[PDB]
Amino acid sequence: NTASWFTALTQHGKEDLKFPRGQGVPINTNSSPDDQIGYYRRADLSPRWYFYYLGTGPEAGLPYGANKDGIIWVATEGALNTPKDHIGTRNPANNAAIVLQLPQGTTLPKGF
(Lines of atoms letter the chains of each structure in order from A and count residues from 1; the text may use other names and numbers.)
(Lines give C-alpha, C1' and ligand atoms only; values in the text may rest on other atoms or scores of the structure.)
Protein backbone atom coordinates (compact mmCIF):
# COMPACT_ATOMS: atom_id res chain seq x y z
CA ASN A 1 0.00 0.00 0.00
CA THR A 2 2.55 2.56 -1.37
CA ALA A 3 0.38 5.15 -3.27
CA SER A 4 -2.34 7.85 -2.98
CA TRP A 5 -5.89 6.51 -3.66
CA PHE A 6 -6.14 9.34 -6.29
CA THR A 7 -4.45 10.60 -9.51
CA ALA A 8 -2.18 13.71 -9.15
CA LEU A 9 -3.05 17.42 -9.35
CA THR A 10 -0.33 18.70 -11.78
CA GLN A 11 1.19 22.20 -11.13
CA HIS A 12 1.61 23.95 -14.59
CA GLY A 13 2.33 27.43 -13.05
CA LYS A 14 4.60 29.01 -10.37
CA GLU A 15 1.74 28.95 -7.74
CA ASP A 16 1.87 26.07 -5.15
CA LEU A 17 -1.32 24.00 -4.53
CA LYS A 18 -3.62 25.64 -1.90
CA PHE A 19 -7.42 25.48 -1.22
CA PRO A 20 -9.88 27.75 0.67
CA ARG A 21 -10.97 26.22 4.05
CA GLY A 22 -13.71 23.59 3.39
CA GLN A 23 -12.41 22.80 -0.18
CA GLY A 24 -9.86 20.45 -1.81
CA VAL A 25 -10.83 16.96 -0.46
CA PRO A 26 -11.11 14.62 -3.50
CA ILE A 27 -14.54 12.90 -3.82
CA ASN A 28 -14.62 9.24 -2.62
CA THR A 29 -18.17 7.69 -2.76
CA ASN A 30 -16.95 4.78 -0.49
CA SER A 31 -15.96 7.42 2.18
CA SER A 32 -18.23 9.05 4.87
CA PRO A 33 -18.41 12.72 6.07
CA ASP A 34 -16.09 11.97 9.09
CA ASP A 35 -13.33 10.91 6.57
CA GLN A 36 -13.19 14.16 4.45
CA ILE A 37 -9.79 15.42 5.79
CA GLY A 38 -6.13 15.00 4.70
CA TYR A 39 -3.12 16.66 2.97
CA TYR A 40 -1.70 17.07 -0.55
CA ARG A 41 2.06 16.25 -0.84
CA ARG A 42 4.39 17.20 -3.78
CA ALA A 43 5.96 13.92 -5.16
CA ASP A 44 6.65 16.71 -18.24
CA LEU A 45 8.66 18.68 -15.58
CA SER A 46 5.39 19.97 -13.90
CA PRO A 47 5.35 19.17 -10.13
CA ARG A 48 2.67 16.53 -9.18
CA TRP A 49 0.66 16.77 -5.88
CA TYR A 50 -1.03 13.67 -4.30
CA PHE A 51 -3.82 13.54 -1.65
CA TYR A 52 -3.51 11.30 1.44
CA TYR A 53 -6.16 10.97 4.23
CA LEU A 54 -5.15 12.29 7.71
CA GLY A 55 -3.03 9.67 9.59
CA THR A 56 -1.99 7.90 6.29
CA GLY A 57 0.83 8.05 3.68
CA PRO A 58 4.29 9.68 3.96
CA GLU A 59 3.12 12.21 6.65
CA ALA A 60 0.81 9.76 8.56
CA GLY A 61 2.63 11.05 11.73
CA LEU A 62 1.72 14.77 11.17
CA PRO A 63 -1.34 16.17 13.00
CA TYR A 64 -3.71 18.44 10.93
CA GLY A 65 -2.44 22.04 10.34
CA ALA A 66 1.23 21.16 11.20
CA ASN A 67 3.36 23.39 8.87
CA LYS A 68 5.83 21.61 6.51
CA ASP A 69 7.07 22.75 3.03
CA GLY A 70 5.27 20.94 0.13
CA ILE A 71 2.36 19.84 2.45
CA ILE A 72 -1.17 21.41 2.03
CA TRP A 73 -4.03 20.66 4.53
CA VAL A 74 -7.73 20.29 3.44
CA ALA A 75 -10.96 19.24 5.24
CA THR A 76 -14.70 19.26 4.34
CA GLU A 77 -16.95 20.78 7.09
CA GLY A 78 -18.00 18.01 9.58
CA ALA A 79 -14.77 15.93 9.17
CA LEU A 80 -13.29 14.26 12.34
CA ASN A 81 -9.62 14.95 13.36
CA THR A 82 -8.79 11.17 13.63
CA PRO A 83 -6.45 8.84 11.66
CA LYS A 84 -8.22 7.17 8.64
CA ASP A 85 -6.76 3.65 9.32
CA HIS A 86 -9.91 2.00 7.77
CA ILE A 87 -9.14 3.72 4.36
CA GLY A 88 -5.28 3.76 4.48
CA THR A 89 -3.29 3.91 1.18
CA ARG A 90 -3.58 2.14 -2.23
CA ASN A 91 -1.83 -1.11 -3.36
CA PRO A 92 -1.14 -0.29 -7.06
CA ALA A 93 -0.86 -4.07 -7.87
CA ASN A 94 -4.43 -4.61 -6.44
CA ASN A 95 -6.17 -1.20 -7.12
CA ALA A 96 -6.26 1.48 -9.89
CA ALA A 97 -6.05 5.17 -8.78
CA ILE A 98 -9.44 6.96 -8.38
CA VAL A 99 -9.51 9.89 -10.90
CA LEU A 100 -9.16 12.98 -8.64
CA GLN A 101 -12.52 14.87 -8.83
CA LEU A 102 -13.46 18.07 -6.92
CA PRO A 103 -17.11 19.24 -6.64
CA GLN A 104 -18.75 22.19 -8.53
CA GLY A 105 -17.78 25.57 -6.93
CA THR A 106 -14.21 24.47 -5.88
CA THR A 107 -11.53 27.23 -6.33
CA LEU A 108 -8.47 25.73 -8.13
CA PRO A 109 -5.31 27.96 -8.07
CA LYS A 110 -3.79 29.29 -11.37
CA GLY A 111 -1.88 26.50 -13.24
CA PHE A 112 -3.98 23.51 -11.94
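If you superpose the two forms and keep the largest set of C-alpha atoms that fall within 1.5 Å, you have the rigid core. Start at 1 and count along the sequence shown; that's the residue number.
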After core superposition, the stretch with larger RMS C-alpha deviation in 6 other deposited structures of this protein, comparing 18-26 and 100-108, is 100-108
RMS over structures and residues, CA atoms, rigid core fit in 6 other deposited structures of this protein: 44-52 vs 81-89, larger is 44-52
Missing residues of the deposited chain between residue 43 and residue 44 number 10 or more
As the entry reports it, the stretch among 67-75 and 52-60 with higher mean C-alpha B factor is 67-75
Looking only at C-alpha temperature factors in the entry, 80-88 or 33-41, the higher average sits in 80-88
Residue 107: CA temperature factor from the record, placed by chain third, in the middle
Binned into thirds over the chain's modelled residues, the C-alpha B-factor of residue 93 lands in the highest
